[PDB]
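*Asks:* The structure's right below; bear with me while I get my questions together.
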Amino acid sequence: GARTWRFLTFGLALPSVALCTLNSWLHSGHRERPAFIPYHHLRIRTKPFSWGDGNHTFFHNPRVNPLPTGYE
Amino acid sequence: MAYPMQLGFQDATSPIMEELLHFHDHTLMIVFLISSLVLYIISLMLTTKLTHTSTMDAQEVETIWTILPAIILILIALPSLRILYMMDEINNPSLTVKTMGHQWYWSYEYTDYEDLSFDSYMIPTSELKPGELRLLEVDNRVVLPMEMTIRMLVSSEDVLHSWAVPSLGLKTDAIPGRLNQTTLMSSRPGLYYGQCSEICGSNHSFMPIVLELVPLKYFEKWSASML
Amino acid sequence: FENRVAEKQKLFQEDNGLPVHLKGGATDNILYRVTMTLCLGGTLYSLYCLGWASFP
Amino acid sequence: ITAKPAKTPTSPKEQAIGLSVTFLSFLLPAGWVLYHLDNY
Amino acid sequence: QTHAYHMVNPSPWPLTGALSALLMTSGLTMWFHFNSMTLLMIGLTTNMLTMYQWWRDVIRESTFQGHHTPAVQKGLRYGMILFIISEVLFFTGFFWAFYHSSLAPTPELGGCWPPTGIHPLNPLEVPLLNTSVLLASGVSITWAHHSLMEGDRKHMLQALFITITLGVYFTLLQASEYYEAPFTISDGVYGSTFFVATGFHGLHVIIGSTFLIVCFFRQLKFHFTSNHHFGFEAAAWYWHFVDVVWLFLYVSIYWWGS
Amino acid sequence: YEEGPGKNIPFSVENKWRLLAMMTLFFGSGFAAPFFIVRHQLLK
Amino acid sequence: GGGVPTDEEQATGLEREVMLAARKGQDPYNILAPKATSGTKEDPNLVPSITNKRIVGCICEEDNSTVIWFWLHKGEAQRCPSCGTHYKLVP
Amino acid sequence: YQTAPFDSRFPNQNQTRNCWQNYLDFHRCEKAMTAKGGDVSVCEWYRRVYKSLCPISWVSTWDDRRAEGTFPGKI
Amino acid sequence: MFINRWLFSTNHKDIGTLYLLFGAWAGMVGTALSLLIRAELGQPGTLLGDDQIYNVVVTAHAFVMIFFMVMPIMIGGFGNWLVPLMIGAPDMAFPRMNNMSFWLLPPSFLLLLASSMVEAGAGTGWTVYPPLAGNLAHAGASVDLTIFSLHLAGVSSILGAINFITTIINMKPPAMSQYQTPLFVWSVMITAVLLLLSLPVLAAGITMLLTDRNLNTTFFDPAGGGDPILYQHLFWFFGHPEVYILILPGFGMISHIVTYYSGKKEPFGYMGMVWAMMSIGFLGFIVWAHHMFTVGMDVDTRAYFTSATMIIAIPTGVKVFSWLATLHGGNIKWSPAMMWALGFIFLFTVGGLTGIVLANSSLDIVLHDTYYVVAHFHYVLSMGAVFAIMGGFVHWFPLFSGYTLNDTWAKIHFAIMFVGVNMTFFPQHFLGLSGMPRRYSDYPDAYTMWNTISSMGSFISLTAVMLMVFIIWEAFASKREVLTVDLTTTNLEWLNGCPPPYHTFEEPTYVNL
Ligand code: HEA
Ligand code: HEA
Ligand SMILES: CCCCC/C=C/C/C=C/C/C=C/C/C=C\CCCC(=O)O[C@H](COC(=O)CCCCCCCCCCCCCCCCC)COP(=O)(O)OCCN
Ligand SMILES: CCCCCC/C=C/CCCCCCCCCC(=O)O[C@H](COC(=O)CCCCCCCCCCCCCCC)COP(=O)(O)OC[C@@H](O)CO
Ligand SMILES: CCCCCC/C=C\CCCCCCCCCC(=O)O[C@H](COC(=O)CCCCCCCCCCCCCCC)COP(=O)(O)OC[C@@H](O)CO
Ligand SMILES: CCCCCCCCCCO[C@@H]1O[C@H](CO)[C@@H](O[C@H]2O[C@H](CO)[C@@H](O)[C@H](O)[C@H]2O)[C@H](O)[C@H]1O
Ligand SMILES: CCCCCCCCCCO[C@@H]1O[C@H](CO)[C@@H](O[C@H]2O[C@H](CO)[C@@H](O)[C@H](O)[C@H]2O)[C@H](O)[C@H]1O
Ligand SMILES: CCCCCCCCCCO[C@@H]1O[C@H](CO)[C@@H](O[C@H]2O[C@H](CO)[C@@H](O)[C@H](O)[C@H]2O)[C@H](O)[C@H]1O
Ligand SMILES: C[C@H](CCC(=O)O)[C@H]1CC[C@H]2[C@@H]3[C@H](O)C[C@@H]4C[C@H](O)CC[C@]4(C)[C@H]3C[C@H](O)[C@]12C
Ligand code: CUA
Ligand SMILES: [Ca+2]
Ligand SMILES: [Zn+2]
């Protein structure tokens, strides 16, 4: 019935989300970025991207995404 | 190489190509018979004024139509798979040669002992010596010892190619980042021709393979001269 | 909110010969003309782009 | 199948015209291109 | 007619939809090669106009005109199941690419998975939260369904609002993950499989959420009866599909692939 | 909409010679197109 | 906790006609397969039509894959040309 | 030594990993024998096998990457 | 009224007519491309002087014949015209979505002809394998336009598959079980299931190729840890089902034509015909790597793919023998349609048997990427599909149009086409056995005689195509209106006259239990 699925929604499902939110928010701090190594299997550039200067990924994050030549 | 008005396979130069010839003869007899039976039966169904247009029971005849083809397929598959597992059996090669495909030529590496390598380009039609073959000759042939088991390793430095020599039963794709192995054994000296067998762009028709099969003593003298 | 489905049933069942995509009234005509003009104009623009791209 | 007599019968001469025009519509344009391949 | 099937009024939307596909594809070509977004924005606009007017007309035909007899509704049920099957096989191709690359990592990667230089996301942090969010949304949408069948307007709307909220939460969490990820789509086959498979999934979450929002507004306008609400059922089936694809991504790419 | 032979098609068969022109343009345009594409590529 | 309309309140057009006819045990929109009579000249299968002819398909024997199709005309009962089963049109 | 023998670890048509494993083995051994000033003659079998099997351009690329600090395998 | 009828259609017959017109036009394009191939191969040395152009012509030839000629004609044309009529349904389930499956094809075709007109075209083969199809070896828009052409064709067929499956399951008379539907309807249902499952995998694969070309993914690029061979698996996981998609509706049409002109009420062994098509459909998903016997896979894998492939001969043989057993005892009418169907049974059998030769991986090493493969598929696919289409076209032309063909002209057309295709393709077996590679713009001198004969055959088939256009003109020119057709008791599609009214089965059939 509706009553049972509402009971599962508020009594199991949303409490689970609350506990996973608490878990995530406890481990949300920034990790120290790893030394840059210009590995040839990473930072692939076979064609410039169709935006910006052609060398930045679409959700480029300067703090954690080095360019082929390293961290900005 | 192929000759004018050729109907079948190039003469076998390796034991496995011999096996494939016998296997093809067996399978072609079956293809012929089944093709002929279907044509004949069409002609038999079409050549009588006698009629039977009421519902026909199919159960009994469908046993024949499934069992007899099943047996025929088994009679093809048995020798088929025997040859497949022969062309897989462990052999001791005495030589390893690499070939790398390029747009549009082959390179060869003989690196068992010395770093010997060279490029093999098609002889242009305008440069053929009298009696030489259009689209098939190269400047540098793949010199190999006859009557010996050779490991060929095949790769590419650009797009896909495929390294083929029909008279030896050989076709191995040349894939960048992959090293494919095949075994080569010639029963005979001579020149054995093949052609790039994966579409690799505009000059796919124009990057042939020429093997030069000579006795071991002559192979050794040639290797030594390369130094 | 109130249940006004009966009033929409009356509008969309009116015997006026309109096809369902135009039966809501003048706004349907405007939205259809915008859509068809963008599609046909866009298609003409795509052919011009083909013409341009077909030569060095 | 059975059919009514042709409403607008196509005489042998009319068929020769239809066939000739049909063949020429395929042959003439391809012919023009293949003939001028040299010029390309 | 003395059959129960729907003879549809002649419609321009098939042609506008087909032309929208031409403009989006020629538009992507003109963006990737000829440094221009114009055709692509016209195509996206005409696609959205086509989908709006086509699905508006289906609501007109069903809620307002009464054309969805039981036979018609049974057809639409088959249609939506078959559509979902086609979407499962599309995802299967991306899972095949993932397992091909990860089960036989090449020398270029270091012969290992994850590849040398890849620092995967901790699957126990946001990816686990995302899992709890979509599983919870499967529970709330089931509550919505039962509320509707039982004739309860208020609780159907509350349950459906909670489902949409969880869908939006998943989308904002994934957007944040994307930005925080220290690897990109250009980080070899690891980045390729990660972003294309999770990216197509995120697209389907946005589509599914948009479908639920359409159902929310139809419910606000009293379109659904306690017995007749196929748009709601189709959106629920689609939503369960989106959940299940997530569970397979989570186990495969985030967990087994870490 | 018009029903019956010659009336369930997007082209007219009222006049066999106009029809011959339309069918010639229709099939001939399709057959010609590849010859003209090859010419276009050769002329680059 | 109410506020959701019922089919009885809100179904319209052909959906409603189908809904009302099913309440009365009637099948004007041909959703159900009709049950055969013995099909004799005295007890022919009665084929409803809004007009003066209707296509009949005869599955002569259970599990026949072949259906026999013909126009049944108003007037004297006609017989399936395969099994001879009688059919009578009832405008 | 004539050529690389059959290796039961790599029995199929795809010999990529045979080339890669013997290149790794040679370089791991060479680094172990230099890290006590040991003797690199101990590493000879791996050297002959990778030299026999590996494409020159692969060997040359891997060598360049070891020198650059971008070789993705563990040595 | 013209735009409402022909651009805004929700009518299965008019949409079927649009598909037939589209497919006939595409067939002219595909035929012109085939004649350019054979003009180049007709003499040793170069004709075009541009082997990239040769490769573009071969690539376009395949895409046009498969996606724009065969599939639109068989599924969009015959499927939309006949399926609703054969089950007494008033239209398709989704009559407006049906119209969008049609209208996606002209834009799909425009993208293909844009690919060939920009840069140097896509000279990739219809397989579009990377890295040749990648952004180094095919820089520029041509391959991207080819990928987008396939996306639009893919969506058209996926939505069409959903429409046919739903129509066939949901819109029969309530008394009619699946085991009382005509074999053509079964053949379309099974084709639609193959489309629904296979095309999404192709869509995934070509989308990966698009991202490798434009977004710096490396699915198929070993530098990023990708693999060209992954593309081949995804392509052929679709591609094998695709070749059964191309023939299955042909099998359905052949069953109806053989039954009709044998004067029979029913095909021999109906449930065996259903079993055989379902078996072929199922086995069609587990054989794809027989397109990959030379890429370096494991011996046990090659053994499995050889064995699984050969199994398809068993259900296929049941259909061939069942067609023969439908002829058996018939009052045979030697109609032009019957000639096409008899030609089909023989030529299809020859090509199927060369398929069984190729199934043997050992022999396939020597036959792969040679003219033996080209000979195989032009028998089973090119002649099979084409002969089934021509048989269906001359059989059902009077239903669709209301007019009769000249049967003598139609027999002349059959005779020319039979000579042409055999002269074209039979010698390609010899070229393949003797080692002539496929996808070659030029060939060693030894191969000249059989290439010369093959090219001469291609012109004979051209003469047949031109004659076919004349024959269609003559039928519309003369206006012989259909009066009677026999066997309507077992061919429901004819029972509403020629042509049937715009709306049929407004009053559904009566079928009791
Ligand atoms: C259905 C598929 C189909 C059809 C019909 C054809 C038809 C033809 N094909 Fe081919 N072909 C392929 C599919 C097809 N082909 C594919 C998949 C390839 C591989 C490409 C690759 O390697 O990547 C290929 C490749 C191929 C090659 C190998 C090229 C090379 O390897 O370099 C050759 C060589 O001669 C060839 C020739 C022909 C010829 C001469 C015809 C025809 O001229 C034969 C006669 C047939 C007709 C003339 C068609 C008639 C039909 C109509 C006009 C429709 C009418 C419509 C109605 C009645 C409604 N084709
Ligand atoms: C209509 C399309 C169609 C159909 C139906 C088939 C049917 C079959 N095909 Fe073919 N095939 C193609 C179209 C088709 N093919 C195309 C387009 C390619 C090339 C793609 C490309 O590279 O471009 C190809 C390539 C292809 C290959 C790859 C070859 C290579 O590239 O090296 C192989 C390998 O096994 C294969 C095998 C078969 C088999 C076993 C069948 C079976 O289904 C045939 C079964 C039929 C019979 C056997 C005949 C009737 C049976 C009897 C009378 C019973 C008795 C018979 C026996 C006992 C044997 N085909
Ligand atoms: C938040 C959850 C979900 C968000 C959805 C995505 C938002 C933007 C784009 C939407 C469309 C996405 C669908 C899948 C396509 C490809 C890439 C999408 C995945 C994505 O968003 O990936 C991003 C890259 O996007 C990129 O390149 C560019 C992306 C834009 C261009 C894509 C164009 C390609 C379109 C392909 C069309 C194919 C359609 C298939 C039709 C098949 C029918 C049969 C990842 O960012 P990054 O900086 O590399 O790494 C993060 C580093 N901090
Ligand atoms: C910013 C946003 C960016 C994203 C944009 C991309 C697209 C988003 C679109 C989201 C989909 C919205 C679909 C709305 C459908 C509304 C019409 C509807 O739901 O119509 C219903 C029928 O269902 C039907 O046709 C069922 C119709 C099913 C439609 C299924 C749609 C899934 C679409 C997926 C799109 C393809 C994705 C592929 C990507 C690779 C009507 O019947 P009932 O509900 O029974 O009502 C009748 C009762 O009132 C009588 O008492
Ligand atoms: C790179 C970019 C290339 C992409 C190009 C995109 C291609 C085309 C543009 C798409 C435009 C779509 C516009 C809306 C279409 C809605 C169709 C729909 O909803 O169709 C419904 C049927 O399909 C059903 O239900 C179930 C099916 C609903 C399907 C909705 C559309 C999906 C389109 C893309 C999906 C491809 C699949 C992804 C997996 C490969 C309704 O059928 P109708 O005949 O209308 O009405 C019947 C009446 O009785 C209703 O009252
Ligand atoms: C109602 C129907 C819809 C009709 C469609 C209307 C078409 C509009 C025509 C505008 O054309 C644009 O011109 C821009 C400027 O000329 C181009 O800019 C681009 O190209 C420039 C070339 O100089 C570059 O600077 C940049 O890449 C970029 O700004 C762009 O490609 C192109 O679209
Ligand atoms: C692949 C299928 C193709 C099959 C071949 C078709 C058969 C040939 C058809 C005739 O085509 C014509 O041939 C003429 C030559 O006979 C050409 O005239 C050319 O040559 C004439 C005389 O040399 C000049 O008067 C003209 O100006 C000149 O264009 C003309 O352009 C061309 O339309
Ligand atoms: C009534 C219908 C009206 C139709 C009007 C169409 C709407 C767009 C018209 C302007 O076209 C734009 O022009 C920009 C240049 O002027 C392009 O810059 C593009 O190219 C830039 C190059 O600098 C890049 O930064 C970006 O891709 C981008 O801004 C942009 O792409 C392109 O769309
Ligand atoms: C007052 C109004 C009554 C709706 C009606 O019966 O017409 C109620 C019923 C259910 C309500 C919705 C549900 O409670 C769920 C949401 C609760 C949030 O706190 C506000 C928005 C929210 C989406 C509500 C908006 C609005 O207050 C609704 C729509
Ligand atoms: Cu190299 Cu083909
Ligand atoms: Ca030539
Ligand atoms: Zn009966």
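FYI, residue positions are counted from 1 along the chain as it appears here.
Keep in mind that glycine also has a Cβ here, set from the backbone N, Cα and C atoms.
As listed in Swiss-Prot for this protein:
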DOMAIN    H:16-62  domain 'CHCH'
MOTIF     H:19-29  motif 'Cx9C motif'
DISULFID  H:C19-H:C54  disulfide bond
DISULFID  H:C29-H:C43  disulfide bond
MOTIF     H:43-54  motif 'Cx10C motif'
MOD_RES   H:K51  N6-acetyllysine
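What does the local environment look like for each feature on the list?
*Replies:* For the motif 'Cx9C motif' (H:19-29), same-chain residues at least 6 beyond its ends with a Cβ under 8 Å from one of its own Cβ atoms are 4, 9-10, 40, 42-43, 46-47, 49-50, 53-55, 58-59, 62, 66, 73-75.
In sequence order, H:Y50, H:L53, H:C54, H:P55, H:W58 are the residues of the chain that are 6 or more apart from H:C19 (disulfide bond) and have a CB within less than 8 Å of its CB.
Cβ neighbour count for H:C29 (disulfide bond) (all protein chains, 10 Å cutoff from its Cβ): 19.
In the three-state DSSP assignment, the secondary structure recorded for H:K51 (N6-acetyllysine) is helix.
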*Asks:* What are the sequence-distant neighbours of H:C43 (disulfide bond), meaning same chain, six or more residues apart, C-beta distance under 8 angstroms?
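*Replies:* Within the chain, H:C43 (disulfide bond) has Cβ neighbours under 8 Å at H:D25, H:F26, H:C29, H:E30, H:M33.
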*Asks:* How many neighbouring Cβ atoms, not counting its own, are there within 10 Å of the Cβ of H:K51 (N6-acetyllysine)?
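*Replies:* That number is 21.
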*Asks:* If you count Cβ atoms within 10 Å of the Cβ of H:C54 (disulfide bond), leaving out that atom itself, what do you get?
*Replies:* 27
*Asks:* Out of the disulfide-bonded residues H:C19, H:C29, H:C43, which are near chain B, with a C-beta less than 8 A away from one of its C-betas?
*Replies:* H:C19
*Asks:* DSSP says what for the domain 'CHCH' (H:16-62): how many helix, strand, coil residues?
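*Replies:* The domain 'CHCH' (H:16-62) comes out at 40 helix, 0 strand, 7 coil.
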